[PDB]
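# sequence below, structure please.
(chains A, B, C, D, E and F, ligands or ions: 3)
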Amino acid sequence: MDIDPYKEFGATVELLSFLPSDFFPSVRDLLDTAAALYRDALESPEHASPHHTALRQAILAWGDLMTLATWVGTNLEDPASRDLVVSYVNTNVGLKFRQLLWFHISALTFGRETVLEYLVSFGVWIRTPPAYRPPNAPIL
Amino acid sequence: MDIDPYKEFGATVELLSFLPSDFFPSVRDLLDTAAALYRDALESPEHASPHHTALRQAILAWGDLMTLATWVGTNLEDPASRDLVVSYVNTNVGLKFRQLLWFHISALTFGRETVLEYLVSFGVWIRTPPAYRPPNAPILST
Amino acid sequence: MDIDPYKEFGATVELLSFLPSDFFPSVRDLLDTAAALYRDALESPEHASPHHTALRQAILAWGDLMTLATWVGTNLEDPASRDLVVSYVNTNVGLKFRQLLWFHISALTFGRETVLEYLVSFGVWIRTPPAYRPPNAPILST
Amino acid sequence: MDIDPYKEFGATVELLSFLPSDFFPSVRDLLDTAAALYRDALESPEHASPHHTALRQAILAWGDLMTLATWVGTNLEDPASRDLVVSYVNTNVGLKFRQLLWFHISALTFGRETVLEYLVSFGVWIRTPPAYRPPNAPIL
Amino acid sequence: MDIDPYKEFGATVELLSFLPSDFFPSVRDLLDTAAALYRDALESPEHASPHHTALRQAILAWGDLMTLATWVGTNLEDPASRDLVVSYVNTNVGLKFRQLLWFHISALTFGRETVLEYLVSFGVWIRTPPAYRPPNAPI
Amino acid sequence: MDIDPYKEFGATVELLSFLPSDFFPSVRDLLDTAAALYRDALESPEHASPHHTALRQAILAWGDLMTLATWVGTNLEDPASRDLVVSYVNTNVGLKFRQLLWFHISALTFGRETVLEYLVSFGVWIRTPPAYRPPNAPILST
Ligand SMILES: COc1ccccc1/C(Br)=C(/NC(=O)c1ccc([N+](=O)[O-])cc1)C(=O)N1CCCCC1
Ligand SMILES: COc1ccccc1/C(Br)=C(/NC(=O)c1ccc([N+](=O)[O-])cc1)C(=O)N1CCCCC1
Ligand SMILES: COc1ccccc1/C(Br)=C(/NC(=O)c1ccc([N+](=O)[O-])cc1)C(=O)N1CCCCC1
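Residues are numbered from 1 along each chain as shown, chains lettered A, B, ... in the order given. Ligands and ions are numbered 1, 2, ... in the order given. Have a look at this structure:
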């Protein structure tokens, strides 16, 4: 089955192909962000905004990917393969995740629309070749 | 940090611990069940009940977990520890999803509250002695 | 080209795949059941519910399929491949009809929606483990 | 059991005995017609007119007669009988079918009554002997 | 990514390939027809309907086909440098144009919705029993 | 063929030929973006703004050029069956698209008039010396 996690929110990975894997901040940098004004706002039985409602999944979806990524470092009798495992999740999988995460965050913070209003202004800064590219990205 | 996916829906793994791991029907059986009247209604920009919303992740997290477990069975040189992955996935943790999955799924079929008023029955069904406990377990009918 | 007979009625073979082929009662048993309060009400210029309408074809297509299969058992010179017809008809595809048949039939007895709210139960009945799953399968009562 | 597939629609095979097997166009010629403004109008969950509602059956009723008429050309160890099979369906059975099909089609297209208004004007052109028969058939 | 250049209001491709592909007049017989009273009208910086627009590309896009498909037997080497050039065009995709083009054009003659009422009023008169069917195609 | 697809929108090829041919991002980068919030908007039966319609062609017109660069290596064994295939494409007669494409898209999302006024006060950059011209010339998102 193929569905777009963003779809409903009005987004689509179709435009996330651009975003360089070095864009969104490392996972931990976000995990700490969970302690924001959002920490409490989740351990509370309230749907509120469908945003977190889903995030809360990804969180644990990973909350397990971190409670299992450790079940590897222990019960494992092959000290030559467990070195090429975490070298995929925290790298090639954090990617198709850091976005999944970061996303929601940077939407509740200020506003949803206020975000798309960027992805677009970015989805032009990226394509447009280097030599033909100003210093940094937009603002409001 | 710990939390509960069944929060806003007024629930906790606590009551899940009642449900024997070997209860929720195999994952696939559920994935297929997705094709229900609820399948085609997911690929729509409308959030609707958070059940939908949340559900996606659980799916993705898996539909991107499976398309991950099928990555090891290809890019692996030690056939000794190749089969010790499903010894956790489809098994040890599969339920960690089967619970979620089954949950939402049903919860969406027969309303929400109409669900709790179910898992609560077992909170006494299983609890009671086998000598008395009926043979047929109460399920969702009408 | 592919389509689904259970379209306008909000259904798909998808949910039928759940129903074990060996579920729908033998064709004849159904043909006879046609003689129900719904039999005499077919030979009337009134379309009424499309169930009726559609039903006819399924019947004809068969009542002109059987009066066809009984054409081979007469005009055939190779008794070796004579019995390898029912090895598809009354068997391999008989269900392709038994499904339709049974479907409409019932669907007409206990309303429509009242039907989906049935096949959906099994979408969980069968799905659940045998150790828990009750002995008696829920059916149409009142 | 004996019922008239047309009955309800206000018709009856009683008058189709006339219609020469060479009348209605070959099956394929109709299958292609399915791609008309009717293609989409069926793969959609709408009863609309009881017409197609039934047709949709015949379609598959045959849709299977074409998915089984092929199960013969493969799993069959008698290259002398499968030659006298399709030489019945696409011939003596297409007959008691092409009509079953064609019918509906030529009813939704313009109108139902607008059809019977013909079967009658035809159910007179046919009987009436040859020598005593104009060039072609009517119109409106 | 798949769409339908005719469904820009209510038109499918099926109904085209459904019709005798032998029917749609050659391309040349259409270009020389474009240069008609409709040529000096695509030059204008505006249009009334999209037909005009859709047409430009339909042409431009094509005008870039030949202005390019002509490089098959120039400074190139091969025994059959023109086996798919004039073929693939009058056989596959290339013909789709003979359909497309043909379309818009007439669409500007007696009108638009006066055409659709034809495709049908014909897509049938063709498949109907050539012996019992009327002699004249409806309008 | 003597016409200009930009004329109807008030534009001439020159207005791009002088422009950095190598500017317009790869056809790829474009086709991808196209499927942004416009993808599902073109499939629909509404041409609304001609850009749409005209665009459809471009795609198709190309969707057969992509389907064409595939028959240039089937049963062909030439000394250049994949070397000059993209000599006119990703360079000459293939740019006609990069320009076109890029064009429309931007317009639909940035009004129209405000689109031109951009390139205008831009096709000047490349004309203005490096050390003097302010390294900016943004695409106003207002
Ligand atoms: C004008 O704003 C920006 C302008 C340019 C570039 C970035 C930003 C900022 Br805002 C963001 N960075 C974070 O929010 C963010 C979220 C979480 C963590 N974290 O994981 O701790 C770190 C950074 C950001 O990604 N956006 C994108 C959507 C609209 C604007 C904000
Ligand atoms: C005035 O009309 C006609 C006058 C004389 C003879 C025939 C016709 C035409 Br109309 C018809 N032919 C098709 O519709 C038809 C349907 C489907 C296919 N097909 O399978 O593609 C081919 C032909 C036709 O059978 N009728 C009978 C009912 C009233 C008039 C139309
Ligand atoms: C007397 O009417 C006819 C009687 C029988 C058959 C066809 C026609 C004619 Br008229 C047509 N031929 C062309 O338009 C046409 C347009 C452009 C080209 N072309 O590509 O050059 C070729 C043909 C035609 O398409 N229609 C459809 C709409 C109503 C008028 C007729």
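
# how many neighbours does residue A:12 have?
As a burial measure, residue A:12 scores 18 neighbours (other C-beta atoms under 10 Å in any protein chain shown). C-beta here means a position set from N, CA and C on the backbone, and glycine is covered the same way.

# return the nearest residue of chain A with respect to chain F.
Here chain A gets closest to chain F at one residue, residue A:127, 3.7 Å apart by C-beta to the nearest C-beta.

# what is the neighbour count of that residue?
For residue A:127, the count of nearby residues is 18 (other C-beta under 10 Å).

# how about it, phi and psi?
phi -50, psi -60 (degrees, to the nearest 10).

# in chain A, what residue is nearest chain E?
Closest point on chain A to chain E, by C-beta to the nearest C-beta, is residue A:14, at 10.7 Å.

# what residues sit buried inside stretch A:94-111?
Within stretch A:94-111, the residues scored as buried using 16 or more other C-beta atoms under 10 Å in any protein chain shown are A:94-95, A:97-108.

# which residues touch that stretch?
Stretch A:94-111 has contacts (C-beta atoms under 8 Å, 6 or more residues apart in numbering or on different chains) with A:5-6, A:9, A:11, A:16, A:19, A:21, A:24-27, A:30, A:33, A:38, A:49, A:51-52, A:54-55, A:58-59, A:62, A:115, B:57, B:60, B:64.

# now the buried members of those residues.
By neighbour count, with 16+ other C-beta under 10 Å, those hold A:5-6, A:9, A:11, A:16, A:19, A:24, A:27, A:30, A:33, A:38, A:49, A:51-52, A:54-55, A:58-59, A:62, A:115, B:57, B:60, B:64 as buried.

# and the strands in chain A?
Applying DSSP state E to chain A gives no strands.

# residue of it nearest chain C, please.
residue A:1 (12.4 Å).

# and that residue, what does it touch?
Contacts for residue A:1 (C-beta under 8 Å, 6+ apart) come out as B:31, B:34, B:39, B:59, B:63.

# from the residues you listed, which two are the most distant?
The distance between the two most remote of the contacts of residue A:1 (C-beta to C-beta) is 13.0 Å, for B:39 and B:63.

# spell out which parts of chain A neighbour ligand 1.
When proximity is defined as C-beta under 6 Å from any ligand atom, chain A approaches ligand 1 at A:25, A:29, A:30, A:33, A:102, A:105, A:106, A:115, A:118, A:137, A:139.

# kindly recompute the last result at 5 Å.
Contact residues (C-beta under 5 Å from any ligand atom) of chain A with ligand 1: A:25, A:29, A:30, A:33, A:106, A:115, A:118, A:137.

# now the fourth one. Nearest residue, chain neighbours left out?
Nearest in space to residue A:33, with sequence neighbours left out and distances taken as C-beta to C-beta, 6 or more residues apart in numbering or on different chains, is residue A:105 at 6.1 Å.

# what's the spacing between that neighbour and ligand 3?
Residue A:105 sits at a distance of 58 Å from ligand 3 (criterion: C-beta to the nearest ligand atom, to the nearest Å).

# one more: residue A:23?
Counting by C-beta to the nearest ligand atom, the gap from residue A:23 to ligand 3 is 52 Å.

# do residue A:32 as well
68 Å.

# residue contacts, the residue of chain A positioned farthest from its centre?
Centroid-distance maximum for chain A: residue A:77 at 32.3 Å, with C-alpha atoms, centre = their mean. Residue A:77 makes contact with residue B:81, according to C-beta under 8 Å, 6+ apart.

# same thing but 10 Å
By C-beta atoms under 10 Å, 6 or more residues apart in numbering or on different chains, the contact list for residue A:77 reads B:80, B:81, B:84.

# likewise for residue A:14?
Residue A:14 is in contact with A:4, A:6, A:123, F:32, F:33, F:34, F:35, F:36, F:37, F:39, counting by C-beta under 10 Å, 6+ apart.

# the second one is in contact with residue A:15, isn't it?
This points to residue A:6. Yes: assessed by C-beta atoms under 10 Å, residue A:6 is found in contact with residue A:15 at 9.1 Å.

# spatially nearest residue to residue A:132 (excluding sequence neighbours)?
In this structure, residue A:132 finds its nearest non-sequential neighbour in residue F:23, 5.6 Å apart by C-beta to C-beta, 6+ apart.

# thought residue A:127 was touching residue A:18?
Yes: taking contacts as C-beta under 10 Å, residue A:127 lies within contact range of residue A:18: 7.2 Å.

# picking up where we left off before, ok, and of the buried ones among the contacts of stretch A:94-111, which contact ligand 2?
Okay, of those, nothing touches ligand 2 (C-beta under 5 Å from any ligand atom).

# if you look at those residues, which of them are in helices?
Counting by DSSP state H, those place A:27, A:30, A:51, A:52, A:54, A:55, A:58, A:59, A:62, A:115, B:57, B:60 in helices.

# between those residues, which is nearest chain D?
Set against chain D, the nearest of these by C-beta to the nearest C-beta is residue B:60 (28.1 Å).

# output stretch A:73-88 as CSV, nothing but the C-alphas.
Written as CSV, here are the backbone C-alpha positions of stretch A:73-88 (Å, rounded to 0.1, in the frame of the first residue of the first chain):
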residue,chain,number,x,y,z
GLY,A,73,23.9,-4.1,20.9
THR,A,74,23.2,-6.8,23.6
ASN,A,75,21.8,-10.0,22.2
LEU,A,76,24.0,-10.3,19.2
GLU,A,77,27.0,-12.6,18.7
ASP,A,78,28.4,-11.0,15.5
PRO,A,79,30.6,-7.9,16.4
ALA,A,80,31.0,-7.2,12.7
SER,A,81,27.5,-6.6,11.6
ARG,A,82,25.9,-4.6,14.4
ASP,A,83,28.4,-1.9,13.2
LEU,A,84,26.6,-1.6,9.8
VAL,A,85,23.1,-1.5,11.3
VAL,A,86,23.0,1.7,13.3
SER,A,87,25.0,3.1,10.4
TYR,A,88,21.8,3.0,8.4
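
# how far away from the center of its chain is stretch A:45-63?
Distance of stretch A:45-63 from the chain centroid (C-alpha atoms, centre = their mean, to the nearest Å) equals 13 Å.

# right, I mislabeled it, should have said stretch A:127-134
Chain-centre distance of stretch A:127-134: 26 Å, with C-alpha atoms, centre = their mean.

# gap between the two ends of it?
13 Å (C-alpha to C-alpha, to the nearest Å).

# cool, stretch A:37-44 as well?
From its first residue to its last, stretch A:37-44 covers 13 Å (C-alpha to C-alpha).

# in chain A, which residue sits closest to ligand 3?
In chain A, the residue that lies nearest ligand 3 is residue A:14 (38.4 Å; C-beta to the nearest ligand atom).

# ok so, going back, residue contacts, the residue of chain A closest to chain F?
Going by C-beta under 10 Å, 6+ apart, residue A:127 touches A:18, A:133, F:24, F:25, F:26, F:28, F:29, F:30, F:32, F:33, F:102.

# the same query, at a cut-off of 8 Å, please.
A:18, F:25, F:29, F:30, F:33.

# and of the residues you listed, the nearest to ligand 2?
When those are compared against ligand 2 (criterion: C-beta to the nearest ligand atom), the nearest one is residue F:30, at 42.1 Å.
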